[PDB]
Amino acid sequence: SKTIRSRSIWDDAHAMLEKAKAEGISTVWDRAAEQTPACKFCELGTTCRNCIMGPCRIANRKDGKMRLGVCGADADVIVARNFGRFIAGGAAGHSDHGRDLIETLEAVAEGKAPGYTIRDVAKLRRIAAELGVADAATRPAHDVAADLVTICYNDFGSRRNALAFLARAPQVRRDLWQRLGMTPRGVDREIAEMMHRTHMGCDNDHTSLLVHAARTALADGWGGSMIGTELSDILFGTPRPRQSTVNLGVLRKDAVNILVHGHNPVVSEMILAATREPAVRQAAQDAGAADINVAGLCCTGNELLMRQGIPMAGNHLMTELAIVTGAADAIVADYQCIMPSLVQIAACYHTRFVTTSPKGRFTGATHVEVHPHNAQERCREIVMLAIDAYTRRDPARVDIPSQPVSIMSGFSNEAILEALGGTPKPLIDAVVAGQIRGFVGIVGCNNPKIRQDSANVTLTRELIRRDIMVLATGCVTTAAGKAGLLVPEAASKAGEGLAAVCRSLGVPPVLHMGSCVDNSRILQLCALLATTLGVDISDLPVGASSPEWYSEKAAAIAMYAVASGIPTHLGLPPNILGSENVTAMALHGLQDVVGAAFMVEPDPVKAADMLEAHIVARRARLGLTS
């Protein structure tokens, strides 16, 4: 069908879209159509609901009516406040994510987290020493962990001048942020200050609002997300390269299928552990299943892929379709990007929809709350619920539509450096020689406005063909994986220089660097290259892109990339076009503030042209001649 083929590039999506239609199940694409046309003011950003003197709408009329809100605020202020709160929502998601990792490490240090441990003591000691813990190399591991917990929690307080991990950024970048008033000080503090600035009659200057939006996003990339990544590696292991598989075919008709969905590995790692206990496996065998099969969705799926090689069922717009296979016996959710439509779709089948976080409550879900002290017991109960649901699966409604395809995952900065021999020198040498022109992180989401994964995959293919290595995270991981680009043999799809480097190292031309919080790994890598070369991040031949973004988190990631010196492309515009001044600041003005800017471009080939053009210019800034 042409309408169904227009919604996604993938056969597995098409098959489940057909099954959903036949069964009368409404999907995210159906609801997107209902919501089109959108409200013009909402789309432009020229609407405000921040007090009950309003709500207000801003028009552009020759007679001057409705030019200002009731309080006097103009389109520039209203649009900038709205965008600031949008950014703050994304930073807040990453803040709570990182905070939960601190709380879990603390519980381990206290001896109050059955089934959790310090999996990577070497990294604990290295990170602790980096951040100033005394005698981190030799003191008892739990004492070192307790001191690292204190440092991390202090970044969630209000007494710092600069976040702890900010020391990774080059001195020139730190000095610029300091002069601009952009230095992130406290992970929660910047969010609170954003919410204050956007209250009526506080910050009424669009430039000031956007500068604080950058500071808020920086407190995510260098704070909430970076703490989340580094502590996740400490608690659950530092990723190393491993093979796995992707697509809806990772579900198995003969197994109990448990889909983990959401974000935090504190839950999904303990779900996986529960499925390996002998009595739990025996219960599944008694129910007639051959195995218990955990498969991943979205970022928590990325986490289990990076650390445990667990196959990934799908990304954002696959989530409803994964239930439509009829073979999902449970979805185990925590928080973020979990569409509430999944509760209703699960109810069309036998699938248990289980929530685990006090923050991720869904009306009608089965709530089994997880905390470090009870996770081992509670995750066992959740797996038993999934086995019970399996006994009620209707065989006649099962359609697992595809066979999975192979992928390589696990490219932490530690794994990349190990592949290079311990230092970044061979990578720098390849860039200087012109074999690799530059690097682009392709990050972020799906969005029903764009045929699913069409731009994600086309941009990836375009960049590697141009000898630009791609670093993939988030829901782009699934797109690149299903396209066959996450394997070493995909070097045949790269240009001659990138293909040669990739074959020499035995790595794909697209490196999976993890979940959305793991975009902090991209910041760390950029800072390392810049510090090694004695330059700013804004001097490096790098870029970032989210061709199909949707979320507040993706906007926060794009903003912290830009504010750190990385040109960042977005496939779709934020709701800001109602202010020409805010739009011009985002697309042009920021170049002269932070050394990078946003780009908005829905044609992925043109986006590749624009990203390549920045890389060409940065190579010239570095004096390269190759």
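Residue numbers run from 1 along the displayed sequence.
- Task: On mean C-alpha B-factor from the PDB entry, just flag whether 134 to 142 or 483 to 491 is the higher one.
- Result: The entry gives the higher C-alpha B-factor average to 134 to 142.
- Task: Using only the Cα atoms and their B-factors as the entry lists them, report which of 223 to 231 and 401 to 409 averages higher.
- Result: Result: 401 to 409.
- Looking at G93, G186, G111, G201, which has the highest CA B-factor as recorded? The listed residue with the largest C-alpha B-factor is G111.
- Item | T47, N50, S26, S564, ranked by C-alpha B-factor: the highest one | Result of the comparison over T47, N50, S26, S564: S26.
- Third of chain Cα B-factors occupied by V600: Highest third.
- Within this chain, which third does the Cα B-factor at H569 fall in: lowest, middle or highest? As the PDB entry reports it, the C-alpha B-factor of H569 lands in the lowest third of its chain.
- Task: Comparing against every modelled residue in the chain, figure out the third that the C-alpha B-factor of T478 lands in (lowest, middle or highest).
- Result: CA B-factor rank for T478: middle third.
- Task: Consider only the C-alpha atoms of the modelled residues in this chain, order them by B-factor as the entry records it, and name the third containing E462: lowest, middle or highest.
- Result: For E462, the deposited C-alpha B-factor lands in the highest third.
- Task: Compare the C-alpha B factor of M66 with those of the other modelled residues in its chain, then answer lowest, middle or highest third.
- Result: It belongs to the highest third of the chain when residues are ordered by C-alpha B-factor.
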